[PDB]
Structure formats: C-alpha cells, structure tokens
Amino acid sequence: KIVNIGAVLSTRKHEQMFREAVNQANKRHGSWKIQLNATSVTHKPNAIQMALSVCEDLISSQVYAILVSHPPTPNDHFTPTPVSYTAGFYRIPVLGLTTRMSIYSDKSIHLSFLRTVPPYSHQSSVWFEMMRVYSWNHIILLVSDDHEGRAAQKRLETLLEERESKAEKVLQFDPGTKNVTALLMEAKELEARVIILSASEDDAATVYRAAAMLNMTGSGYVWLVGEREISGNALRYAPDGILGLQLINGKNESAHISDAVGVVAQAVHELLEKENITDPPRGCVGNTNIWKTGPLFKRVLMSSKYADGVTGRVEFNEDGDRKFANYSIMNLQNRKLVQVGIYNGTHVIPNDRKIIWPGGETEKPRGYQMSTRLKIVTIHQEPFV
Amino acid sequence: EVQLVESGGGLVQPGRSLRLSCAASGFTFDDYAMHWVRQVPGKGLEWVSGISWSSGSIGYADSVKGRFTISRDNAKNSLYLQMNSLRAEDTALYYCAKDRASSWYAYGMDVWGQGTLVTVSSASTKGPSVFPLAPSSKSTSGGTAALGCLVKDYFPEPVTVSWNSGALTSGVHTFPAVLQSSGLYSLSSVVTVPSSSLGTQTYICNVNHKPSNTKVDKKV
Amino acid sequence: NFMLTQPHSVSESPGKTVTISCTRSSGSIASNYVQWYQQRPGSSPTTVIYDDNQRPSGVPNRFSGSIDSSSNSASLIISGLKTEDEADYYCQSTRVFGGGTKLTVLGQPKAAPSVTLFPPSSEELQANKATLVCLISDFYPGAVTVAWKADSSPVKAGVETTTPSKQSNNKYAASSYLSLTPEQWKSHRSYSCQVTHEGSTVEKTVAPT
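> How do you make sense of the overall build of chain B when you look at a structure like this?
The secondary structure content of chain B amounts to zero helices and 16 strands. In summary, chain B has a C-alpha radius of gyration of 25 Å against a globular reference of 17 Å for 220 residues, an excess of more than 25%. Expressed along its principal axes, the backbone C-alpha trace of chain B runs to roughly 75 × 35 × 30 Å. Residue burial in chain B is summarised as follows: out of 220 residues, 45% are buried. The contacts of chain B with a sequence gap of at least 6 include a subset with a gap of at least 24, amounting to 60%. Taken as a whole, chain B presents about 10400 Å² of accessible surface, with 53% of it coming from carbon and sulfur.

> What's the story with the overall build of chain C in this structure? I'm lost.
When you go through chain C residue by residue, the secondary structure sums to two helices and 15 strands. The dimensions of chain C, computed from C-alpha atoms along their principal axes, are 65 × 45 × 30 Å. Across the 209 residues that make up chain C, the buried fraction comes to 45%. Partitioning the intrachain contacts of chain C with sequence separation of at least 6 by distance along the chain shows that 59% fall at a separation of at least 24.

> Can you help me understand the packing of aromatic side chains in this one?
Each aromatic ring pair is characterised by the separation of its centres together with the angle its planes make. One pass over the full model with this rule turns up 15 aromatic pairs over all chains. Their ring planes at 55° and their centres at 5.5 Å tell us that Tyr 104 of chain A and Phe 113 of chain A sit as a pair that is tilted. Judged by its relative accessible area of 6%, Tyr 104 of chain A falls in the buried class. Taken together, a centroid distance of 5.5 Å and an interplanar angle of 50° make the contact between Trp 185 of chain C and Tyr 191 of chain C tilted. With respect to burial, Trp 185 of chain C and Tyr 191 of chain C carry one shared label: buried.

> Please explain the state of the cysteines as it appears in this structure.
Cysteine pairs can be linked by a disulfide, which is a covalent bond between their two sulfur atoms. All names here are of chain A. One pass over the full model with this rule turns up five disulfides over all chains. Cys 55 shares a disulfide with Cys 284; S-S distance 2.0 Å. Across the S-S bond of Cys 55 and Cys 284 the torsion is about 55°, and the bridge reads as right-handed. Here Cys 284 lies in the loop between α9 (253–272) and α10 (294–301) and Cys 55 lies in helix α2 (residues 48–58), a separation of 229 residues in the sequence. With relative accessibility at 42%, the residue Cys 284 sits in the partly exposed group. Along chain C, the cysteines that take part in disulfide bonds pair up as 1-2, 3-4, counted in sequence order.

> Just checking my understanding: could you explain the sheet that holds strand β14 (residues 327–332) of chain A for this structure?
In a beta sheet, neighbouring strands are held together by backbone hydrogen bonds and run either parallel or antiparallel to one another. Residue and element names in this part refer to chain A. Taken in spatial order, the four strands of this open sheet run β9-β14-β15-β16, and their pairing is antiparallel. Only two strands of the sheet have a single partner each, and these edge strands are β9 (245–247) and β16 (349–350). Pairing of β14 with strand β15 (residues 337–343) involves six bridges; the strand directions are antiparallel. Across the sheet, the residue bridging to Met 330 is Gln 339, located in β15.

> So what exactly am I meant to see when it comes to the interface of chain C and chain B here?
Note on interface size: it is often stated as the accessible area lost on association of the parts. Taken together, the 35 residues of chain C in the interface contact 40 residues of chain B. Summed over both sides, the interface of chain C with chain B buries roughly 3000 Å², with 62% coming from carbon and sulfur. Across the pair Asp 62 of chain B and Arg 95 of chain C runs a salt bridge, and its minimum N-O distance is 2.5 Å. Between the two partners, chain C and chain B, sit eleven residue pairs in polar contact. Those elements that provide at least two residues to the side of chain C that touches chain B are β3 (35–39), β6 (88–92), β8 (114–118), α1 (122–126), β9 (130–137), β12 (159–166) and β13 (172–180) of chain C. The biggest single contributor to the side of chain C that touches chain B is β9 of chain C, with five residues. For the side of chain C that touches chain B, the per-class residue count stands at 15 nonpolar, 16 polar and four charged.

> How should I be thinking about helix α5 (residues 148–159) of chain A in this particular structure?
Along an α-helix, a turn takes 3.6 residues, which lines up residues three or four apart on a common side. With twelve residues, α5 of chain A extends 17 Å between its outermost C-alpha atoms, agreeing within 8% with the 16 Å of an ideal straight helix rising 1.5 Å per residue. At its buried positions, α5 of chain A is contacted by α4 (122–132), β5 (140–144), β6 (170–173) and β7 (195–197) of chain A.

> I'm lost on the interface of chain B and chain A in this one. Help?
Contact residues are listed per partner, giving six residues for chain B and seven residues for chain A. The interface formed by chain B and chain A includes one salt bridge. Our enumeration of links across chain B and chain A arrives at one residue pair in polar contact. Considered class by class, the residues forming the side of chain B that touches chain A number three nonpolar, two polar and one charged.

> I would appreciate a short explanation of the environment of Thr 174 of chain B in the present structure.
Residues and elements named next belong to chain B. With respect to the element layout, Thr 174 can be found in the loop between β12 (160–163) and β13 (178–179). Through-space distance from the C-alpha of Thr 174 to that of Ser 162 is 8.6 Å; in sequence the pair is twelve residues apart. Discounting residues that sit within four places of it in the chain, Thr 174 has contacts with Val 161, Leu 187, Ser 188 and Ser 189. One polar contact links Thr 174 to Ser 189, side chain to side chain, over a distance of 3.2 Å.

> Can you help me understand the sheet that holds strand β11 (residues 154–155) of chain C in this one?
Residues and elements named next belong to chain C. Spatially, β11-β10-β14-β15 is the arrangement adopted by the four strands of the open sheet, whose pairing is antiparallel. Two strands bound the open sheet, and with one partner strand each, they are β11 and β15 (200–206). Pairing of strand β10 (residues 145–149) with strand β14 (residues 191–197), which is carried by five bridges, proceeds in the antiparallel orientation. Across the sheet, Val 146 pairs through a bridge with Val 195, a residue of β14.

> What should I look at first to understand the packing of helix α1 (residues 12–28) of chain A against α9 of chain A in this one?
Residues and elements named next belong to chain A. Across the interface, α1 lies against α9 with an axial gap of 11 Å and an inter-helix angle of 35°. Of the two elements, α1 crosses α9, and the hand of that crossing is right-handed. Two secondary-structure elements touch here, α1 through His 14, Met 17 and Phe 18 and α9 through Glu 253, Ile 257 and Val 261.

> Any chance you could explain the pattern of salt bridges here in plain terms?
A side chain of one charge can pair with a side chain of the opposite charge when the charged atoms of the two come close. Residues and elements named next belong to chain B. Scanning the entire structure with this criterion turns up eight salt bridges over all chains. Put simply, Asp 90 and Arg 67 hold a salt bridge, and the shortest N to O gap is 3.0 Å. Placement of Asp 90 in the loop between β7 (78–79) and β8 (92–98) and of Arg 67 in the loop between β5 (58–60) and β6 (72–73) is noted, with a sequence separation of 23 residues between them. For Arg 67, a relative accessible area of 18% corresponds to the buried category.

Parameters and conventions
- Counting of residues begins from 1 for each chain and follows its sequence as written, which need not mirror the entry numbering; any residue without coordinates is not displayed.
- Chains and ligands are labelled by the order in which they are written, letters from A for the one and numbers from 1 for the other.
- Part of a larger assembly is what these chains represent; accordingly, every value refers to the shown part.
- The side-chain quantities take in all heavy atoms of the structure and omit both hydrogens and water.
- Residues with missing side-chain atoms are left out of burial classes, side-chain pairs and their counts.
- Only DSSP runs of H or I with at least four residues qualify as helices, and only runs of E with at least two residues qualify as strands; both kinds are numbered from the N terminus onward.
- Radius of gyration: over C-alpha atoms. The globule rule applied is 2.2 Å multiplied by the number of residues raised to the 0.38 power.
- Note on exposure labels: buried denotes an accessible area under 20% of the residue type's maximum, exposed denotes more than 50%, and partly exposed covers the range between, all computed with a 1.4 Å probe on protein chains only.
- Residue contacts are counted whenever heavy atoms from the two residues lie within 4.5 Å of one another.
- For the accessible areas, the method is Shrake-Rupley and the probe is 1.4 Å, while residue cover comes only from the protein chains on display.
- Aromatic rings from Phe, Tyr and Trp, with only the six-membered ring used for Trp, were paired whenever their centres fell within 6.5 Å, and each pair was classed as stacked if the ring planes differed by under 30 degrees, edge-to-face if by over 60, and tilted otherwise.
- We call a pair of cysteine sulfur atoms a disulfide when they lie within 2.5 Å.
- Two strands qualify as a pair provided DSSP detects at least 2 bridges between them.
- Buried surface area refers to the total accessible area, computed with a probe of radius 1.4 Å, that the two partners give up upon joining, counted for both partners together.
- Put simply, a salt bridge is a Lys or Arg side-chain nitrogen that is within 4 Å of an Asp or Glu carboxyl oxygen.
- For this analysis, a polar contact is any N or O atom pair within 3.5 Å, provided that within protein one partner can donate a hydrogen and the other can accept it, and provided that sequence-adjacent residues contribute only side-chain to side-chain pairs.
- Throughout this entry, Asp, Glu, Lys and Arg are counted as charged residues, while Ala, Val, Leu, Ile, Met, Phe, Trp, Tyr, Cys and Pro are counted as nonpolar. The remaining residues, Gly among them, count as polar.
- For a helix, the expected span equals 1.5 Å multiplied by the number of residues minus one.
- Axes here refer to lines fitted to C-alpha atoms; in helices the fit is confined to the stretch in contact. Angles between the N-to-C directions go from 0 to 180 degrees.
- Crossings are classed by handedness, with left-handed meaning an anticlockwise turn of the near helix from the far one by less than a right angle and right-handed meaning a clockwise turn.

Keep in mind that these numbers describe shape and distance, not what the molecule does.
This is the structure we're talking about:
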C-alpha cells in the first residue's frame, strides 16, 4: 500500500508542490493498493553528509524509487553523485530531471539512471539534422576534452558513418587552455570553411577573444556554437550573425515533476500486478543483500513510457536519455536574440524570419571556399609516366 | 479526425461466441489506449476494460472475469473485444472507446465511438394472445369509462389494433408495446366512452399481426 | 463499491440556470474525479466536464463544475439557456456511473398525468396468469417513474414499463404492465401502481372482485 517514492529536491519551496502532486497521483490511479508516501530532504551541504542521510532517511523508510534535481544556488561542481552510488547497490532505478553534463549518460559508471533532461551531445544530432539540408557537407570541428569533448564528436561520427561521408580533423585541447592560436592556422589552411565549437564558458571566452586579430570571423566563416558557449558570461562577445541556441523548458521543474510522477505511477501500477516484490530492507545498516526487483523496474521504465505530459511526449532511448525533445533554435543578430523556428525533434521546422550568417550574408555559402585544390601524385614507371 | 468506427451489431443465440471489430481513423493510434464501455436499455453505463497502447496491460472491472475479455491489434487499426457464451443481460448498446492517454487506469474518456447492438435472447415468432381488460365497477368521475383489451406474447413488431373493424376511432389510444425477458411484445389499447355504454353495448377490438398470422376478435 | 446519485429528470425554460448533481454515497466525492458526460438522444455520447472542473477543447465555456463535498456530493451547473440543452447527463467518478438525468425544454404548459388501472381479466386468472395494467398518458415532460407496492411495501418483481412516447397532441404517453401469479394476486388485499410526475405522485389501488 505505502509504495514510497522519494524525491530529493531543492529548497522547501521547490519541494512544496510534491505533496500537492501526490494527491493528484493518488486520485487518478486510485485504489486501495497505491497509497503512496512522500519523504524528502533537500540537497544537504557537502556530499558525504547527504550520502549518510539518503540511507539515514530515505531507504531507512524503505523507499522504492528516487528522484533528484539540481542544487538551487551553486554550480555543477557538486552535482549529486552518491545518489547514483547509494542507490547503485540495490539496483533501484533513479530518475533525474535537470542535472545534465553527459557524464551520466553511459550505463557503465552509473549502472541505471535515466534523465528527463537531454545532455548536450544531442546538439550533434541537431547539428547533423540541419547541416544535411544546407548545401554543405565538409565541416571543421573544434572542442575541448574532459569527458564531453569526445562524446559530441563521437556521436557526430556515429551519425556520419552510415552515409559514407567523413568530417575533418578534430582539435582536442585540454580544458582551461589559453594561447591556443597555433591550431587556428592549421585548421585555416584547409578547403572547408565551416567551424564547430564547444567548450566551457571561460574556455569559450578565452578562445573567443583569442581570434579577433586572426580574421576567423566574417562571410564564409559561419560558426557553430551550442548553449554552453552562448549561455553564460560569454554573451557579450558574439560576432555579427552567430548561431544561437536555447532549450524550451529550462527551469520549469514543476511540469517535469508532474510527468515523472505520472510515468512512475503508471509503471508501479503495472508493477503491483507482477511477481514477488522484495520488501525494501531497513536501509544501509546491517543488510547488504541484492534487491532482486531492481532491474525489473527499469526493464519497463526504460521502455514504453509514452506519457502525455505538460513538457510534451517523453520517449526514452535504449540507454536512458529521452527522445523527441522540442527545441527553440536561437540566433544572435548584432547583440540581439531572435529565434528561427522550432525543432520539435527529428523534424526540421525553421520559420521564415530574418536570419544573418557571419559577415552579414543571408545565403548558404559553400562548406569549402573556392575549388581547384586536388593534388596529383604519380610514380616514375613505364611509358605511362 | 478522432472517431472510433464500430459495426457488426446483431443477434446471436445465447452460448455461442461472437466476433466484433471496431476500426479507427484520423488521429494517431499509438499514443492512446482503447476503452470498452457500454450502455444498456433502461440504465446507464459501466466501465469494463482497457487494452494498453500496444499490449501487456489489460484491466477489468468487478464483474468482467471469464468470458468478458478484450483484445486489440495495432497493425491494421482494429479493435477486437470479442464475446463468448453470451446471456440475456448482454443485449445492450456497445461502444468501442479510447482513453486520453496510453493507459486506462484513470478511466479518462473522450471520443465515445459510434455504438453497436448485440442482441442475445430467444428468437422465435409467437402468436399474440388477447385478454379482455375489465373496466371499473360502474365508477366514473367525469362521465367517462376506462375499458380496453390487452395484447400479449407477440414478436416481432409491429401490430395493428382497431375497435369494431376500425369504425370507432375517436378516443382510442394504441399505446406502444414493451419488451419482456422472453423476447416478445405486449400492449393494450384504451378507448374513452360514456359510462352509460357499459352493460348495454358490446365493444369488440381486433388485433392484426402479419408476421404471426394471428387475428383474434375479442369482445370485452 | 459505491453508487452515485443523479436526478431522474429536470425541466427548465430557456434563459434560466440548471443544476445537475452527482452525489457519492461511500467515500469522499472529491477523492475521485467525477466526470460529467452528455449523451444526446440518437447520437454518440459526448464529454462536458471532467476532473470536476474542465471544458474540452472547442467547448464554449458555459459549463462549470461543483466539487464542494458538503454532504459528500458534486454537481454540474450550466449557464441559463435551452438552445441545445435537451439530452442525457451522465456522471462517472471511478468505474461507476450514475442513474442519469434527462433535461427537457419548457414548451407547452406541464399537466398532471392520468393513471388508469385495470383489474386483471377473469379469463387470464383462469389461465393461471395475472396482468396488472397501469396505462399513464398525456404528461409533460415525458419522464415518469412507475413503481408498484404490495399494500405494505414496494415490489419490483414482474414490473414492466415501456418508455414514454410522444403523441400527435404534443404530449407524452407510456405504458406499464405487472407480471403476477394468481396465488399472489388473491393473497394480497390490494395492489397499487405509483407514478411520480413533476414531484407529484398519483396512486391507484384495486381489489379482487
């Protein structure tokens, strides 16, 4: 009856809506079997202390699923890792909704953890989705590399491997590196004249102000920048017509909470009509066995879902991260912010407003400028040569 | 547009199985589960079943165990709640219906199909029987009288009832018949006459039923 | 389980507000989402109000929802008009439907119905059968409930009543029949057929011989 579904959240205000949400959930799929309970504690300061609490409080109440959001005030320096670890033992699925840096994506260091917020690696899918219909194919890639740097390019290649086409070189430089202008000549001396960029805010600003003297900006020098490069302090540095970017929901955790609890309620309503459900233990103390009803839960959480929530239609992929995310293409036009259309996901729908490419042109210049490069190479042999 | 097309409503002998097929059109089928509610002549509806968007999740109400089963395919856009070993209570208005979401535990309802008539009863033409409904014991309030003749055990409809070969038409009222548990119809016709016409005049009603080929001239 | 509560029928002239209440007996009414459904005669059923206050897309407002528990009840309120407000109203909360309500437009003035009770024919009594006829006609609106009482309590076995039918004089007529055995007919001292119209009930009684 008391199918506890905890949710470690932000300050009390952001946790307030849960007790109102559970009543709606308790009423929609109502019966004398799904009388849920809610136990929650905010993101405590430090990390080890909260890791104690999640066993001191949450599984000490014998919970069945965990929901986690981002800390309200600080940055992503101390995102909750131990939740994926403390719940990592019993193999219970854990649902995140806002924390996003693409490290959590692979189900190898975090076993089982699905997110309703898509990591930045999907920009590569979006980048492909529009570079197909833009009359250019050859592309130059620039990115840092801590963990995400390899991920974006590797996904871009997993996409550009079935078309027998290949991109150009990728320039991997350590995060937080200045005076990196040496590689700009090496990239410039090549036919392709479109650039892919992705880095942290400070790194983007450094490699950004380290390019004006060198004439990387102008017509035929279209730049590719994601929300990481645009959102932050690097806003007041853009050229005349760079490609902005922006997501739909952002800080709208209420709708995410509603959709997540609806999906979880449907899944647990199916689950209650299943085989034996192991009673969750007293918690961390004493017992360290294996919760046999762990992967069974994610066996259906990963699949299906298909709920109709406020955020839209959620569809998780084979490895957690959802699919079919609506998206608002942004554009910077001389220190201004205007959109170009709506990327609903897997369908390209830009509007017919005014767009400006770098250099002020409004056209589709070739991915590689001019022509007549090809180099002959033979070997002295026979009357042929 | 959203529309749950259903057809194939008819009569089936009790005990035998049935095969229903409800089709769809317009909206996308995948993101919605399909309900099954029905009404009944003389009463409201009751929720019965819901098939998940693709398969797996099937729910039933309190009295939906056994032969009351649901099925559906997501390939040729058909809904296949089929009935076996039907009884008299199954004669009702059946609707194929769709939930607002891919599940059905919320019982959310919209787009209430079209409706189908499944009939399960005893099908056999029966000759009507007439009984003379006696009037009151010479009691009148406004000089009128309450006399008539009863017709029972006739099926299928309709019938024609007239008094003294239809010569007397003023004051007659052939009330529509009713359906009984045996699958027949019964009705009576009442004429209004002065109270002084009782005991001095004979009133004769004629019943005609072409499907039954029975004509009884009854004098009340 | 639990059973809802809907009025049998209500009548309102155009330009006046109408209220239709779905009362839940067992459990809190607000604990389950009552969903008002409208089913026009001779048409596919439609939805009007769900989650106790909501209009479907394309519905021109005009339909509110009352979820105030008070005496564990809920209601539906429609703004004052009778343009196309003559249908059947169905309330569903969780797996259970109410009795249903029929709303009629006010045209000709309403009149008291006439109930005619026929003693069973002696010929039928010789045939080991007993039929009691309760022919009620010329009522407005044509929504009346027919019940029979065995001189000390209502009885429901063998009670038959057809739906009211409109006649050529803009009125409504119905029929009622009772299936009885001669032993039970002669056992009781009297029998009755009670029909309520516009909140007023007319009772007719007959006795053997």
